[PDB]
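Below is one structure, written out as structure tokens, with a few remarks after it.
Each chain carries a letter (A, B, C, D, E, F, G, H, I and J) given by its place in the written order, and its residues are counted from 1.
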Amino acid sequence: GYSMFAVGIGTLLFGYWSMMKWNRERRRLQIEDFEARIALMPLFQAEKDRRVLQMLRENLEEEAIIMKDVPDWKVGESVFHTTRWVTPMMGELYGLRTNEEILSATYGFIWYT
Amino acid sequence: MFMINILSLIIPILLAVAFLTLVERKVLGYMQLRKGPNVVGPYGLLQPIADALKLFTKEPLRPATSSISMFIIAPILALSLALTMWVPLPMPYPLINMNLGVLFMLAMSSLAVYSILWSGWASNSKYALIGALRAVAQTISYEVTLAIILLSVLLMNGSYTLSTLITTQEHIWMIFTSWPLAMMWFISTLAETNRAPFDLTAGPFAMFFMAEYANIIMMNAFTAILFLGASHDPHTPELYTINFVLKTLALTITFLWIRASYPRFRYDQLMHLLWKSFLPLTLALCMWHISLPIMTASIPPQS
Amino acid sequence: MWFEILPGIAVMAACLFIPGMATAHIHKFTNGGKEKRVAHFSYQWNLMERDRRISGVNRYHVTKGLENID
Amino acid sequence: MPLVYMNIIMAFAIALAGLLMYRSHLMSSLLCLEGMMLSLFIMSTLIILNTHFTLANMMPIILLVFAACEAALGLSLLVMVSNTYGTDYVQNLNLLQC
Amino acid sequence: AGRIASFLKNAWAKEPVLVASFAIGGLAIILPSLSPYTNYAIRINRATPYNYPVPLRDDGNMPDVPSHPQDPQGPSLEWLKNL
Amino acid sequence: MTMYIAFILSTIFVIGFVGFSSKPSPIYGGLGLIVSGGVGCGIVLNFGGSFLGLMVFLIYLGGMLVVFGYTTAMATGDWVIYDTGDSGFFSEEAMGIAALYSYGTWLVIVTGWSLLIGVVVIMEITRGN
Amino acid sequence: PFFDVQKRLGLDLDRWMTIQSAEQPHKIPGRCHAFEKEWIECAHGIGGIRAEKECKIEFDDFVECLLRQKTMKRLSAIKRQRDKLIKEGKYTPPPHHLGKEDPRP
Amino acid sequence: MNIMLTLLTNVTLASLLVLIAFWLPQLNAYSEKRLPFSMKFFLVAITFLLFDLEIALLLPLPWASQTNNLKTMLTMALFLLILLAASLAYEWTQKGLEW
Amino acid sequence: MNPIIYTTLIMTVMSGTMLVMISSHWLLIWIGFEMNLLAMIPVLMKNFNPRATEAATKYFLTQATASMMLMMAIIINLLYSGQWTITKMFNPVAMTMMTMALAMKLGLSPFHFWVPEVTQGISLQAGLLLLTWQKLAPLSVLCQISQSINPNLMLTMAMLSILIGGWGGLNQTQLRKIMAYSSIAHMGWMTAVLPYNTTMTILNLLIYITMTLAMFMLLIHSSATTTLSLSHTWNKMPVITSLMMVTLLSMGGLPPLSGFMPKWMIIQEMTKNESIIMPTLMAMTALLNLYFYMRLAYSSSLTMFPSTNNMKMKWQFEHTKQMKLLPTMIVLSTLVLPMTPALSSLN
Amino acid sequence: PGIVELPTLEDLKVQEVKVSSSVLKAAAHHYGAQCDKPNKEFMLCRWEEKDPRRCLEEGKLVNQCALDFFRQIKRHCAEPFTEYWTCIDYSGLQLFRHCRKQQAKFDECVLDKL
């Protein structure tokens, strides 16, 4: 009676201690991974900015080629009153590109399992 | 080669169900001081094939006035859900890797009652409808406590990812951290699949049987992954696969043992069991497992 | 005796061995002999997309090492 | 406002019209309210996810919960009405008149 | 005292599940307010960097702000390591 | 483009709503609503709302359409509006949903009180007498 | 009608959830956060009538960011003209837009 | 794409097997010759539904434990569980769980 | 029911209304409406009979449809501007959805059909609660967004409500249906001044609540729900019939009674906005309400109807339970016209 | 309203770091220790200007500094680094814990060499 309850409580306490140690170790490992990501972030940000700018410039050049016959069109005209930089929308970067990479950029993370 | 992977996941599960029928018959026979099927096949191994051939050849008794659409749809849904719930599981690497794999499994289990409801309604009999209502009430009642126990246990895993459970139990099994929740989970999985002592209830009949035994094996594998964490070495996953399969087999044989050992409950008795013994303890242990990581500064990593 | 039950169980065990192992082997064949890369949280997805772009063969698993730095 | 939003809005409108028809079977009326709330959940989730408004990720679930609670009450009412007549027909609820 | 003891003994018989559930829930409510490791858990949660630490523009009046992570000034995680 | 999978999902959603809005044989209307709920869950999941889609599909379908069916048986342009950046090493949906306890104390209080009152109200209404 | 109990008591019962740019968890930023911040700072204390008549530029930008209707119109015009030219045969897409480019990290 | 294809394969295999089972014995010729509405089942269904609604709120608890506001989150989680227990107790003491 | 449960449900209804009144987030306003609806149903079904169940199910259907419409309006407003604060809507379609939802919740025409039937089905105390406390939250929301409303739609529904109440009250012998049609007409009067002055809306609401409380408590005291049952009260409680006649005269808008205060003020306000025809029609239509109030007064206190012999036994007993605020309600509903300028208190 | 100005394609041309994410993760800690100053300059400029077009030269600087870091790695201890990254690349989650020994060897080599 008392012995069975004591055995149950004792094994519960042993499990609690073991998982305390293991979970603290896991917290430290996660902090290490986050530190690695933080160290790598600036290079990725630079590459991302440069890639976005290249795609925008390519789309602008193609628009300049295409819109030469439209009377009231202005090439590279913003739709916002503000001069502040606006993060480009997904259709602005992949609008004129091929379907496969449009579907990639749109649903690759969602569909990857 | 994803299709080959899907077939290599599906076909072996159905074969395992077919031979689980034979295993259960032989285990019950030897527990009852007799032999099981040992004539059809060298050691009874041809018995499931003979049963399948006989069932698929025998006339199907369509009620001739029942709802044809639902009468066909119910076994389709049963088999589809039973085969789908194996996709989320990691052995060690899952066929499909889901962020919320546990929640997906819970949602599939929640759907599983529609087959019972539709089969009961289609039979065009008051007594069959009453039995179906009993079954649905029991199933939803016990899936309540299944969900609560599941979230209480997962509060130590750190997320709903089923693979992380392997990382959580790298040193010790989750059975030692929480055995009472595991006991209530085992009883609730017995109740959920309508296995004894909670078993109060041609082609399509075999289809339902296959779905039920697939859910039995699936639930036992889920319990093994959840509470008995097998060690995994990334350069040799065969060790994890063998260990996980052995634990799943042991749990299935434990269902057979429980079937062979006990009488069955009444409907009101199992309703009272759940609603007055499991739910209070489940809520109390849910509070305890919410508080414990904060008290002991042992919160799992992922967020 | 009781071991008369063992054959069928063995068969069942084999049927439970096939899925898991199969996935592992496929995950090595379609991912260049390594574990299939898992992508939660969309940062790992970004790493995979960067590797896929810098591979030059449109496969992320092909790893460009220190020999690619010139 | 793209085509998906208009599709969900017209789904809500169809559910509302179906509720306002009342052929019979008050259970169908409850089903129509239920489809209305489902469309509301879908469109609110789409709007909140698209605009990356992190906090209102709460409100779909809450909406569901509250609407679901409402559903429960409605079912109770339906049941009780049947207990008086043996059927949930709409035309039996004509004791009270203008 | 005596009546409470009689009530607890009478409930521990024929109603052990309810007694256990109420005891466990009461412990789950009370114990966190007394444990000294709760602040440790809060600190561990604070030390988890999910975002990039944006540097501050130096203005000649920031002695406690490091210029490099290796510098002694700045928060440390030795308490975490010793845990 | 995969011929606007989101658009065709929304079209199936509208078709299912038309299907059960005619209200034929309330079991058939319930099944049409179940199909519509599954399609809407697919829409939300394909959009990126994994947790909210699974909440639909679990709570909505497996509980309350189930209770509706139980009670009934007892009786007689896309891809464009999307983002450019990433989320970090976490999912924004989970953090925002997760934030209700830290941020949404008032919401938790009112919702819990409402649910308790709902239990009391159901029992009182079904009391009979 | 509206009894502003929160302002009198300083409670903040539900104001944390009213706007995009109000202290999201983990400092996650709303897509239209910059636009909403400008619209709010334009219209603060000015009153509803003057806010509606005088802060129309910021609200128009905020609305545009939220729904992107004008961007959709421009993109559709570009795609439609490109389709007309390719049907006529006097325009050819470059290798970049056919998937034949050299990708960058 | 993977999940949709897996679902389609599962449903296709189930359908193929059920139809072949339903038509294999159809090739060879053979002979080929109420009210009660008990109230307790509706109540158990509604209780399950009410409980289910409570279950959804907690669902986010695994993620709720990383907030730096551990006191507030713990208080609100315990409040939700206590109110669930109070719902169970009220339905217990009012003969709502009887047959 | 249990008094504890009844008190809990009443406080839950009041807390829902309060939640609607004090919140600044549209979700919290919707939650308050949901809480109010959830706790209101058992109050309507406190006394069990088939008629009360029918009234409760009709009320639930109407209010749930209105709540779904209101949430649709909220989500559309969020779509066209990512705002959750209750203020000007910013969307024409959303405002209409919101206006129809609130009109359905209030009972304004053409969404009036549920009010007479629900009021007839439920008891007198439930009707008092339904016709007094259940108008505060929708009217408060309307006041908060009054700068958004299209005046054409609101004024159309107000005039329709006044006409419908006046015409529908003429055909009634049941007292609860008379109260319901009177409430519809008074709601029509209240919503016609929202586009111009919410203070006049609140003043009309307060005066109407006072008169309705007095009339319902008088009807409960002399436990009558029909004209002929009320015609027997003079043979037991003539003073109650006299007070009821004075209250009915006040409810018809006769000076110098209190009921003249709102319409007068409202008319006055509507004249400052160069609106002449509409107040004229409103007063001419209110003459119908006065007609059926006067018919009730004729049948109750101005003439002596035949009685029965058993009434003699009722002469030997007195009321065990009393309303403390009934005299104050009568006085406030009949004799507050001299204190009209106090409306500057922004009541 | 106005014309959005974009840099020319020549302005965006830079000598790119063409190593995979496994190599980057293997080097990340020492990379953050060594190449910190240009990285912080770039990130401070990036959160202050709120404009990619105003931060391009700092991005070129961080690319150059990363290239210099990897050239130093290549020159002194290519083999130790290669073995360490092979381990990181194998794991699907790219966990540091899985190959501690490889990391230790790499750490000793860099300290002696650099």
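Convention: a contact is a pair of C-beta atoms (placed from the backbone, for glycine too) under 8 Å apart; a residue touches a chain by one contact, two chains touch by 3 or more.
Student: Please find the path from subunit B to subunit E through touching chains that uses the fewest steps, and give that number.
Tutor: Tracing touching chains, the least step count from subunit B to subunit E comes to 1.
Student: Which chain maximises the distance between its CA centroid and that of subunit D?
Tutor: J
Student: If you average the Cα atoms of each chain, whose average lands nearest the overall Cα average?
Tutor: If one averages C-alpha positions chain by chain, the most central is F.
Student: Most contacts: which chain pair?
Tutor: D-F
Student: As a quick test, compute the distance in whole Å between the mean CA positions of subunit C and subunit I.
Tutor: 70
Student: Give, as an integer number of Å, the spacing between the C-alpha centres of subunit D and subunit B.
Tutor: Spacing between the chain centres: roughly 34 Å.
Student: If you average the CA atoms of subunit C and of subunit E, how far apart do the two points sit, in angstrom?
Tutor: Roughly 38 Å, centre to centre.
Student: When the C-alpha atoms of subunit A and subunit B are each averaged to a single point, how far apart are the two points in Å?
Tutor: 37
Student: Could you say which residues in subunit J touch two or more other chains, in rising order?
Tutor: In subunit J, 16-18, 32, 40, 43, 90-92 touch at least two other chains.
Student: Which residues belonging to subunit I are in contact with no fewer than two other chains?
Tutor: Touching at least two other chains: 27-28, 31, 34, 38, 41, 79, 82, 84.
Student: By residue number and range, which residues of subunit F touch two or more other chains?
Tutor: Where subunit F meets two or more other chains at a single residue, that happens at 48, 51, 55, 58-59, 63-64, 67, 70-71, 74-75, 77, 80-83, 87-92, 95-100, 102-104, 106-107, 111, 113-115, 118, 120-122, 125-126, 128.
Student: What are all the touching pairs of chains?
Tutor: A-B, A-C, A-E, A-F, A-G, A-H, A-J, B-C, B-E, B-F, B-H, B-J, C-F, C-G, C-J, D-F, D-G, D-H, D-I, E-F, E-G, E-H, E-J, F-G, F-H, F-I, G-I, G-J
Student: In the complex of these two chains, what residues of subunit J are touching subunit G?
Tutor: Listed in rising order, the residues are 16-18.
Student: Quick check: in the complex, which residue numbers of subunit E touch subunit A?
Tutor: 44, 47-50, 52-53, 77, 80-81, 83
Student: Along subunit F, where are the residues that touch subunit A in the complex?
Tutor: These residues of subunit F touch subunit A: 1-2, 45-46, 48, 79-85, 89.
Student: Show me the residue ranges of subunit B that touch subunit A in the complex, using the header's touch definition.
Tutor: So the residues of subunit B in touch with subunit A come to 96-98, 156, 158, 167-168, 170-172, 176-179, 292-293, 296-302.
Student: If you look only at subunit F, which of its residues touch subunit H in the complex?
Tutor: Checking each residue of subunit F against subunit H gives 51, 55, 58-59, 63-64, 67, 70-71, 74-75, 94-95, 97-102, 105, 108-109, 111-113, 115-116, 118-120, 122-123, 126, 128.
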